[PDB]
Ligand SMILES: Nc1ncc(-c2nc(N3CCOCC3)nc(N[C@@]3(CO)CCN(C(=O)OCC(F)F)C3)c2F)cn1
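Take a look at this single chain, the form deposited without the ligand, given in structure tokens.
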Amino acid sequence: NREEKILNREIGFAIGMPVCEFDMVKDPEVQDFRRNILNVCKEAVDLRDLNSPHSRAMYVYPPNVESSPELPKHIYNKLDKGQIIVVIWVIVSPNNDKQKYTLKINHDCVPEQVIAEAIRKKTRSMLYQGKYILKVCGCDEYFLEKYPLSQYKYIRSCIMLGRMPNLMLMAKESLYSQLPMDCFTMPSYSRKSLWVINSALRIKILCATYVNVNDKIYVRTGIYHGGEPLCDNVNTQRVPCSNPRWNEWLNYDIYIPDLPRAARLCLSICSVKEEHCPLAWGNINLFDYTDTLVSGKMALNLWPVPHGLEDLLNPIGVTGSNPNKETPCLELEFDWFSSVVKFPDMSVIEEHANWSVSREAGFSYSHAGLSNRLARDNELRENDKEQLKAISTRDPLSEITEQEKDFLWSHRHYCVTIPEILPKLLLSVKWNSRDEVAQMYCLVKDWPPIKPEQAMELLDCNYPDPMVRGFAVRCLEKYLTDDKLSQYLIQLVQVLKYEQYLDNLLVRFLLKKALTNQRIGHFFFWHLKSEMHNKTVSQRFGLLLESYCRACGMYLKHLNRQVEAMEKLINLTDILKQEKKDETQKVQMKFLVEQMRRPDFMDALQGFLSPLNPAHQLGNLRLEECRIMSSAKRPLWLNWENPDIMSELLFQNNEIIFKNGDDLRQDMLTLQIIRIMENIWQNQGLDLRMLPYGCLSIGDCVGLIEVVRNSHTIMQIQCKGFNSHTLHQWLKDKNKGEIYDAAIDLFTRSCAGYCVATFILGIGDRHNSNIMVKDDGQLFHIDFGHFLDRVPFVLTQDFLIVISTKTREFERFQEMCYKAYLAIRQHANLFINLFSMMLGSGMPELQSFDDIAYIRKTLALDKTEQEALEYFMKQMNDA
């Protein structure tokens, strides 16, 4: 039809590849994903159509609210007697006359009550019912839901900053008249034995092709559950490098019914010089998406070895054949039994679990030998009920001894009372024993749900089991707010890389959330799109992007405009660092301006939503305000008009830095973690203001960075006006009089925050042109080069002078750092978990759990709350 050809052209553009390419994919898993996912699409579209046009508006302009209606004591103390001063704006007559109406209302007022008082005031000013809506002046953020006004982020931030909220009164019908009438059309592509095998596992390594030039070679193999070998690893015999034929059977110490559901064969082609080196690697799921055990002849195309890979194998690495068929190819053979072997149904596993529990009960009583894994009922003293609890309080990095595993497993039934112990109990399971796993499955099936920040721990590479992953996703489904999902979205997108298959519970959850909240969908699209260059994820992320773009609605036209802008900016920056590298800034800006006159560029670089914050419209390009930045990778400082009617009340112009060359992933994460640290400190009632400015990776070392207006480096302040006293006097000048005290206070609070944040995270060498200051005293670090490898931010005399060593002001400052450091130590498991979820991401500063172990050192986790306070006190003394 006509509507479907337009859709697939638009979807093709958004993803980067035509939809017809997915149809040419002969693999039932890909075609089943494409068809079976469409129910998540259906459900989301139905929810948007439920209370139309309201429910559709809530999809496009979801409330930007905090997770709790409750405000900290320090925030409520900023409200004059628990009341807020709000300015409500009305656009009057054809002459678009802006008319303000100031209210002093209860902070906990619902938008329909704030609208009511506004109408009351508007009537009085001379001496209407629920047909109106509130909007933030200067951006596309609406107050469409019944939340207390103070819960909306813009408002809470206003109370925080001491700024006055500026809202615009709009008619519901003016907003609904803007939302287009969509239509979700159905695509064209849509329309045995078990545990009865009494045998051990063996895999034949037939031969290798596309392996030749540069002593001897062998194939290394292992059977893995996550990054854990389910048995000892087996090698083929060494062979001459040009002639790679083995035709050897490799025998493993695992019996076929003992294979867990998420069992993988991990393999690599290694060289010998002696000095062993992996040449290529590949991993295969022992069971397909249909639960069918792999049988017969199979060929696998291997992958290039990742930079900084420790062992000869890559178990954490992606499953499946390399799509480039002109790569080292390894031919393998698996045993073929009676028919097609399928992993048992849940009821079959239930019977074996009820059987194993009974034959375990009878087993000993009647054994004769000893066992630390046999669950002894009633025999649980108060001293070992204290041992289990203390075990559950250990961080995810801390080792669980073999004796501790036998202890947790024999106590598997009491553990259900301390539900947060589950990650440790799951690690204690002998995943090579089907008897234990059937019993663990039953325990999980009825386990109490746990806090989302604890459930995310079950979503890294240590937990491959589909039931454990299903449990985690199930906890997220019930307890994860849209605020918290948005906050942890980059880690939840990364962990899709640890998923054995295309179709899973996590992919279904995230997609439903993306197709029912456009703010989640925007970043869900961008985090997936930004990795479409990685051949390891292209198909998975591509297929998920196709199913997203098919059901997102009119936002695909908006995302397509964003994709066109970014593409033209890459084209432009490619030519400036290649063809015109040694040309003058004047000659290069002349090329840009000549290229700007071309109609396809005029359209693409204006009239689109900001990919950093889609609530921001980018109008006309103010070329006179633009520039090629003097940095090596040629960043573009870009300036657009904010076409909002009330642009003046937020920012008249939007300024974004476009950069092609630098990998922005490390910045993206450090900035997120800074935002989480600041949100922790705020919840704990200590206002240590941070600046987690926007930074978004849009592809292969390409991205957008938010410009912070009215900011200058420490160096620049020292320069104009060697010298080490200028800092205080500059701030004294920029904030003269009564205003000064608030600026000194804003400098200290911000400074304490970054001292602790940089120390905990181990941020790269801090200098005069890495740290910045705003006219009001707000201090913030930039350029997050390398993390987790020590005191980087050395508090010089400059910073100390502004604060006030032997003062009431510096004692106040030390107390700010102590309170902040202790607050992050209490939340250490969360940070550990976020960094762990990021091991899938090819970040060279985060390749192994060893890199994450640095936070355990800086947060003194193996010590005590007092021994840690002493550890940080000592580290901060070493200037």
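Whichever C-alpha set is largest while still superposing within 1.5 Å between the two forms counts as the rigid core. Residues carry their position along the shown sequence, with the first being 1.
- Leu370, present in the displayed chain, goes without coordinates in a third or more of the other PDB entries compared that cover both sides of it.
- When the other compared entries with both flanking residues are checked, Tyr501 is modelled in all of them, not unmodelled in a third.
- Coordinates are absent for 4 to 9 residues of the deposited sequence placed between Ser804 and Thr805.
- In this entry, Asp789 and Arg790 are separated by 10 or more residues of the deposited sequence that lack coordinates.
- When the two stretches 710 to 718 and 226 to 234 are set side by side, the higher mean Cα temperature factor goes to 710 to 718.
- In this entry, the higher average B-factor at the C-alpha atoms falls on 852 to 860, of the pair 11 to 19 and 852 to 860.
- Sorting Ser193, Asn285, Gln562, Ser268 by the CA temperature factor given in the entry leaves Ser193 at the top.
- Comparing the listed residues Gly785, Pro278, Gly703, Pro257, the entry records the largest Cα B-factor for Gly785.
- Ranked against the other modelled residues of its chain, the C-alpha B-factor of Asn51 as given in the entry falls in the middle third.
- Among the modelled residues of its chain, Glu382 has a C-alpha B-factor that falls in the highest third according to the deposited record.
- Annotation for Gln826: CA B-factor lies in the middle third of the chain's modelled residues.
- For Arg35, the recorded CA temperature factor ranks within the middle third of the chain's modelled residues.
- Among the modelled residues of its chain, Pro28 has a C-alpha B-factor that falls in the middle third, as given in the PDB entry.
What follows is about the form solved in complex with the ligand, which we do not show.
- Remark: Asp311 does not count among the residues lining the ligand in the deposited complex, judged by a heavy atom distance of 4.5 Å or less.
- Taking the partner from elsewhere, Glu436 is found to have every heavy atom lying beyond 4.5 Å of the ligand in the deposited complex.
- The ligand is not drawn, but in the deposited complex it has no heavy atom within 4.5 Å of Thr319.
- Contact check for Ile782: a non-hydrogen atom falls within 4.5 Å of the ligand in the deposited complex.
- Comment: the ligand is not present in this chain, but in the deposited complex one of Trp637, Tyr189, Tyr255, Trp336 has a heavy atom within 4.5 Å of it, namely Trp637.
- Checked against the ligand in the deposited complex, the residues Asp465, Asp662, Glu404, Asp482 give one hit for a heavy atom within 4.5 Å, which is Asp662.
- Only one segment in the set 574 to 582, 645 to 653, 285 to 293, 769 to 777 has residues whose heavy atoms sit within 4.5 Å of the ligand in the deposited complex; it is 769 to 777.
- For the partner-free chain shown, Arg627, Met629, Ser631, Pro635, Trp637 of 609 to 644 come within 4.5 angstroms of the ligand in the deposited complex, judged by any non-hydrogen atom.
- For the listed set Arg598, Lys172, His74, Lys484, the sole C-alpha moving 2 Å or more between this form and the one not shown on a rigid core superposition is that of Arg598.
- A displacement of 2 angstroms or greater separates the C-alpha positions of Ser631 between this form and the one not shown, with the rigid core held in common.
- With a cut-off of 2 Å and the rigid core superposed, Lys146 has a Cα displacement that falls short of the cut-off between this form and the one not shown.
- Comparing the forms between this form and the one not shown, the C-alpha position of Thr584 differs by 2 angstroms or more, with the core used for superposition.
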